[PDB]
């Protein structure tokens, strides 16, 4: 089963993907996580992507399409988390899947208001060592766990990321509606409740 998680930054896509991957057996592909690793390792991809990421802009399509091809599994259960983010990316994904004899089975839209995701992003914290994601209110780190705030989780960058989502990524909702595989998740609820919706959609 191939899943696409679509929705604004901070909707909880990574959080749901990690739990679903562990409990139900999916490979989790997060373009955000992979890009951040590239920046940290100072690869040619990382050095180019950094400037876009830090300003809340999308990384150019050709770079992202290559990234995904590099980590594409042969078949089986996959969650695409934060990919595609543009129509060109969605077209490219369809092509990649086709050449592997695969197709997108469900696109889950994580529907949630901007005020909800602003609080989620502003309070998001990461353990730079384990990569585990926390939230200063909704999932605080335990005593003794050092965390950091991502550079792109600052207020002006959150604003830009949401504008970019509405401009370039939101059109994918109707792209996938036309194909008849879009399913709406209410992502404004607590983690367990969103997870049960995800499981209800995919069975």
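Whichever C-alpha set is largest while still superposing within 1.5 Å between the two forms counts as the rigid core. Positions refer to the first chain, counted from 1.
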Point to revise | Rigid core superposition result in 7 other deposited structures of this protein, more deviant of 68 to 76, 88 to 96 by Cα | key: 68 to 76
Review point. What stretch shows more C-alpha movement in 7 other deposited structures of this protein relative to this form, 51 to 59 or 22 to 30, after the core is superposed?
Key: 51 to 59
Study note, to complete from the structure: Looking only at C-alpha temperature factors in the entry, 103 to 111 or 126 to 134, the higher average sits in 126 to 134
Review point. Per the entry, where is the mean C-alpha temperature factor higher: 171 to 179 or 41 to 49?
Key: 171 to 179
Check your understanding: Highest CA temperature factor in the entry: which of 79, 71, 117, 92?
Key -> 117
Review point. Between 60, 32, 141, 56, where does the Cα B-factor run highest in the record?
Key: 141
Practice item. Would you mind ranking residue 163 by its C-alpha B-factor against the rest of the chain and naming the third, lowest, middle or highest? Key: middle
Point to revise | residue 147 by Cα B-factor - lowest, middle or highest third of the modelled chain | key: highest
Review point. Considering only modelled residues of the same chain, in which third does the CA B-factor of residue 22 rank: lowest, middle or highest?
Key: highest
Check your understanding: Within this chain, which third does the Cα B-factor at residue 75 fall in: lowest, middle or highest?
Key -> highest
